[PDB]
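Q: The file below is final_13.txt, compact mmCIF, C-alpha atoms:
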# COMPACT_ATOMS: atom_id res chain seq x y z
CA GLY A 1 -28.35 54.87 -23.82
CA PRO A 2 -30.63 56.85 -26.25
CA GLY A 3 -29.32 59.70 -28.51
CA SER A 4 -31.05 62.39 -26.32
CA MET A 5 -32.80 62.84 -22.88
CA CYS A 6 -36.34 63.81 -21.71
CA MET A 7 -38.55 63.55 -18.58
CA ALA A 8 -41.36 60.93 -18.34
CA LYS A 9 -44.93 61.06 -19.81
CA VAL A 10 -48.32 59.98 -18.32
CA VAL A 11 -51.19 58.17 -20.16
CA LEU A 12 -54.76 57.37 -18.93
CA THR A 13 -58.34 56.41 -19.98
CA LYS A 14 -61.39 58.41 -18.73
CA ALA A 15 -64.81 57.16 -17.55
CA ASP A 16 -65.99 58.87 -20.84
CA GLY A 17 -64.04 56.13 -22.78
CA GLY A 18 -61.69 58.85 -24.22
CA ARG A 19 -57.90 59.09 -23.49
CA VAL A 20 -55.49 61.77 -22.15
CA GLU A 21 -51.65 62.17 -22.23
CA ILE A 22 -49.35 64.52 -20.20
CA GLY A 23 -45.74 65.20 -21.34
CA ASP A 24 -42.64 66.55 -19.49
CA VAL A 25 -43.85 65.55 -15.97
CA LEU A 26 -41.69 66.40 -12.89
CA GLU A 27 -43.79 64.22 -10.50
CA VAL A 28 -46.80 61.78 -10.33
CA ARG A 29 -48.62 60.67 -7.07
CA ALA A 30 -51.46 58.25 -6.18
CA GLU A 31 -53.43 60.03 -3.37
CA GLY A 32 -57.02 60.25 -1.95
CA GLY A 33 -58.60 57.89 -4.57
CA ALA A 34 -57.05 59.95 -7.44
CA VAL A 35 -53.78 60.48 -9.39
CA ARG A 36 -52.02 63.89 -9.21
CA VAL A 37 -49.29 64.92 -11.74
CA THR A 38 -47.14 68.09 -12.10
CA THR A 39 -45.14 69.55 -15.09
CA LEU A 40 -42.25 71.96 -15.89
CA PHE A 41 -44.97 74.38 -17.23
CA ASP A 42 -45.82 75.01 -13.49
CA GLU A 43 -49.19 73.28 -14.28
CA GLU A 44 -50.72 70.52 -12.07
CA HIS A 45 -53.44 67.99 -13.07
CA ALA A 46 -55.74 65.67 -11.03
CA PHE A 47 -57.59 62.52 -12.22
CA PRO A 48 -60.11 60.98 -9.72
CA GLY A 49 -60.85 57.21 -9.78
CA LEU A 50 -57.27 56.30 -10.95
CA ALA A 51 -54.09 54.72 -9.51
CA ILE A 52 -50.50 54.32 -10.92
CA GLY A 53 -50.53 50.91 -12.73
CA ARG A 54 -47.16 50.70 -14.60
CA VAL A 55 -43.83 52.58 -15.01
CA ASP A 56 -41.69 51.58 -18.06
CA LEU A 57 -38.23 53.25 -17.74
CA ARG A 58 -37.14 51.83 -21.18
CA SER A 59 -39.34 54.60 -22.77
CA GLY A 60 -40.28 56.85 -19.75
CA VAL A 61 -44.02 55.90 -19.93
CA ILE A 62 -46.28 56.05 -16.81
CA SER A 63 -49.61 54.18 -17.36
CA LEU A 64 -52.58 54.89 -15.03
CA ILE A 65 -55.41 52.38 -14.35
CA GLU A 66 -58.96 52.70 -12.91
CA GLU A 67 -59.08 51.84 -9.14
CA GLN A 68 -62.76 50.75 -9.59
CA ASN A 69 -63.88 48.03 -12.10
CA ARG A 70 -67.73 48.51 -11.72
CA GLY B 1 -24.98 62.70 -26.95
CA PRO B 2 -23.65 64.32 -24.78
CA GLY B 3 -26.74 63.73 -22.57
CA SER B 4 -28.73 60.42 -22.51
CA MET B 5 -31.65 58.77 -20.57
CA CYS B 6 -31.03 56.74 -17.35
CA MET B 7 -33.07 54.25 -15.18
CA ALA B 8 -35.06 55.03 -11.98
CA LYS B 9 -34.68 53.46 -8.46
CA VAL B 10 -37.38 51.98 -6.12
CA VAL B 11 -37.74 52.32 -2.29
CA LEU B 12 -40.12 50.52 0.16
CA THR B 13 -40.62 50.04 3.96
CA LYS B 14 -41.04 46.56 5.58
CA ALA B 15 -43.46 45.53 8.40
CA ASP B 16 -40.31 45.25 10.65
CA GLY B 17 -39.72 49.06 10.17
CA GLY B 18 -36.57 48.42 8.02
CA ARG B 19 -36.22 49.64 4.37
CA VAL B 20 -35.29 48.09 0.98
CA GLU B 21 -34.14 49.66 -2.33
CA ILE B 22 -33.86 48.40 -5.97
CA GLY B 23 -31.42 50.37 -8.21
CA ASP B 24 -31.33 50.95 -12.02
CA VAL B 25 -34.84 49.49 -12.73
CA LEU B 26 -36.08 48.90 -16.33
CA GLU B 27 -39.75 48.51 -15.19
CA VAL B 28 -42.17 48.60 -12.19
CA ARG B 29 -45.76 47.12 -12.15
CA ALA B 30 -48.72 47.19 -9.71
CA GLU B 31 -51.42 44.41 -9.59
CA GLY B 32 -53.39 45.83 -6.58
CA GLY B 33 -52.42 42.89 -4.28
CA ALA B 34 -48.64 43.37 -4.97
CA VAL B 35 -45.84 45.34 -6.72
CA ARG B 36 -43.30 43.73 -9.15
CA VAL B 37 -40.05 45.26 -10.54
CA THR B 38 -37.24 44.33 -13.03
CA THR B 39 -33.53 45.41 -13.15
CA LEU B 40 -30.89 45.78 -15.93
CA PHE B 41 -29.28 42.54 -14.50
CA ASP B 42 -32.28 40.52 -15.91
CA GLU B 43 -33.25 39.98 -12.20
CA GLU B 44 -36.93 40.43 -11.11
CA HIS B 45 -38.49 41.11 -7.66
CA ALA B 46 -41.99 40.90 -6.06
CA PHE B 47 -43.51 42.61 -2.95
CA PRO B 48 -47.04 41.56 -1.76
CA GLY B 49 -49.35 44.08 0.00
CA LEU B 50 -47.80 47.12 -1.82
CA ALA B 51 -48.90 49.58 -4.56
CA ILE B 52 -46.96 52.36 -6.42
CA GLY B 53 -47.27 55.55 -4.28
CA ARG B 54 -45.24 58.15 -6.28
CA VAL B 55 -42.77 58.73 -9.16
CA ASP B 56 -40.42 61.76 -8.66
CA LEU B 57 -38.69 62.61 -12.01
CA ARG B 58 -36.60 65.40 -10.32
CA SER B 59 -34.52 62.63 -8.56
CA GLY B 60 -35.53 59.34 -10.34
CA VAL B 61 -37.11 57.92 -7.10
CA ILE B 62 -40.14 55.57 -7.25
CA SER B 63 -41.73 55.04 -3.77
CA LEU B 64 -44.08 52.19 -2.76
CA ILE B 65 -46.95 52.31 -0.17
CA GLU B 66 -49.25 49.71 1.51
CA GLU B 67 -52.35 48.90 -0.65
CA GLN B 68 -54.65 48.73 2.45
CA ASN B 69 -54.61 51.41 5.25
CA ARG B 70 -56.89 49.45 7.73
Is it possible to express this structure as structure tokens?
A:
Amino acid sequence: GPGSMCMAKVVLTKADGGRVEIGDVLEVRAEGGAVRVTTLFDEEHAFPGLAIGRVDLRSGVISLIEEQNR
Amino acid sequence: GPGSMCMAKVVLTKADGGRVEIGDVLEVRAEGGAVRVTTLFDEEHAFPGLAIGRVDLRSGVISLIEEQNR
């Protein structure tokens, strides 16, 4: 495979129209009308109004999508 | 090298109470009404009524859940 190894990364778009990325994730979950995600920094994030849309293991990218379209 | 990236694996539960797995996946996608997933064999799969529930990077397990709970 590739010349080195890393954990996955998350990417999302806010209701503000801005974007956020989270590197070195240990886990991601769709739960309670939100996405939760946890890192090797012992930090945990939460993003309401999202769901897990795509997982691309060729590059380790996890793309989130808005669960509402209104 | 030594050390290199490796593919995830998917798990899901059927309406019969049995379970199904897909090993060494290149990609997984959700479309709200279904999940779809592709392997290193150039073989692709589809599962209506599911969505992506979690991605656990500690083990490489992707787990699917039912898109309605009613």
Q: Check the smallest atom-to-atom distance from each of A:36, A:9, A:29, A:70 to chain B using all atoms listed in the file, then report the winner.
A: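 The shortest atom-to-atom distance to chain B comes from A:29.
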Q: Just how far from CA of residue 19 in chain B is CA of residue 41 in chain B, in Å to one decimal?
A: 21.3 Å
Q: Could you please tell me, as a PyMOL selection string, which residues of chain B have an atom within 6 Å of chain A when using all atoms listed in the file?
A: chain B and resi 1+3-5+7+26-30+53-58
Q: What's the separation between CA of residue 33 in chain B and CA of residue 48 in chain B, in Å to one decimal place?
A: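 According to the coordinates, CA of residue 33 in chain B and CA of residue 48 in chain B are separated by 6.1 Å.
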Q: Could you check how far CA of residue 17 in chain A sits from CA of residue 46 in chain A, in Å to one decimal?
A: 17.3 Å
Q: All C-alpha atoms, paired in order, least-squares superposition of chain B on chain A: what RMSD does that give?
A: 2.3 Å
Q: Go through A:40, A:45, A:69, A:50 and flag the residue nearest residue 14 in chain A, using all atoms listed in the file for the distances.
A: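 Between A:40, A:45, A:69, A:50, the residue approaching residue 14 in chain A most closely is A:50.
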Q: Find the axis-aligned box for range 50-59 of chain B, covering all its listed atoms and adding 3 Å on each side, and write its centre and edge lengths in Å to one decimal as AutoDock Vina command-line options.
A:
--center_x -41.7 --center_y 56.3 --center_z -6.9 --size_x 20.4 --size_y 24.3 --size_z 16.2
